[PDB]
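What follows is a single structure, written as structure tokens, with notes after it.
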Amino acid sequence: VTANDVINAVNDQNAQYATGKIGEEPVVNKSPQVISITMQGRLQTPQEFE
Amino acid sequence: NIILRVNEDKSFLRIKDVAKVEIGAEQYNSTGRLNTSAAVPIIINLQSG
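Protein chains in written order, with PDB author numbering: chain C, 199 to 248; chain A, 249 to 297.
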């Protein structure tokens, strides 16, 4: 494994968030509840990094 | 008409085949009512001084 491979890994596995929504306005059904979607990849623990 | 890919038979795949494009608002979330009638509400803030 080259260092370059490692740099890339960290850049991907440890990443920023992405937010979506469920049952939003465009849909025809008009769901009574609109629930947000949360995606996280941030790594906080040393063990997670390894 | 945007071509996603060739498809190995010279028959292009297109956005139309996999989607439905239309002009439409970025956020359909909010609306405005004036005396029980649709309207867009424009708020004018006063500059300081």
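Quick reminder that beta carbons are idealized off the backbone N, C-alpha and C, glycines included.
Residue of the options minimising C-alpha distance to residue i
i	options	result
residue 291 of chain A	A/284, A/260, A/280, A/285	A/280
residue 215 of chain C	C/242, C/247, C/238	C/238
residue 250 of chain A	A/278, A/265, A/256	A/265
residue 242 of chain C	C/211, C/221, C/217	C/211
residue 267 of chain A	A/259, A/297, A/252	A/252
Whole-angstrom distance between residue j and residue i, CA atom to CA atom
i	j	result
residue 244 of chain C	residue 235 of chain C	27 angstroms
residue 284 of chain A	residue 276 of chain A	19 angstroms
residue 273 of chain A	residue 199 of chain C	48 angstroms
Contact check, residue i vs residue j, beta carbons under 9 angstroms
i	j	result
residue 229 of chain C	residue 218 of chain C	no
residue 254 of chain A	residue 261 of chain A	yes
* Segments of 4+ residues assigned as alpha helix (DSSP H) that fall wholly inside the stretch 257 to 295 of chain A -> Listed in chain order, they are 263 to 266.
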